[PDB]
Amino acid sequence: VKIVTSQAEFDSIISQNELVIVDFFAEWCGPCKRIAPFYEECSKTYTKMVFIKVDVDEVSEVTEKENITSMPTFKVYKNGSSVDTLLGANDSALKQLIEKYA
């Protein structure tokens, strides 16, 4: 699962893929680490969607622009725009979000 290291790379991936999900994680956040393996797993089966990760401190610029309050946050983008957004680390909840779009 691609970890995005810059604004440019974020803006680029989101703009030239019709379906992208982004997992806003951080190494200081336990729940994020908990759900990572499940996220990795889904990215394997739900091939209609591009899976990326963004470390909220690593790319501050993107977190402040995407307005992230709690941790983790999963946002999906369709055609370059924010469409759905889920807060927290629950497996079934995240499954339900992904299936909504693939």
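Heads up: residue numbers just count along the shown sequence, starting at 1.
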Note to self: Mean CA temperature factor from the deposited coordinates, higher in 65 to 73 or in 49 to 57?
What the structure shows: 65 to 73
Notebook entry, point to check: Based on the entry's values, in what third of the chain does the Cα temperature factor of residue 87 lie: lowest, middle or highest?
Noted result: highest
Check: Considering only modelled residues of the same chain, in which third does the CA B-factor of residue 1 rank: lowest, middle or highest?
Finding: highest
Margin query: Looking at the temperature factor on the CA atom of residue 12, which third of the chain's modelled residues does it land in?
Written below: lowest
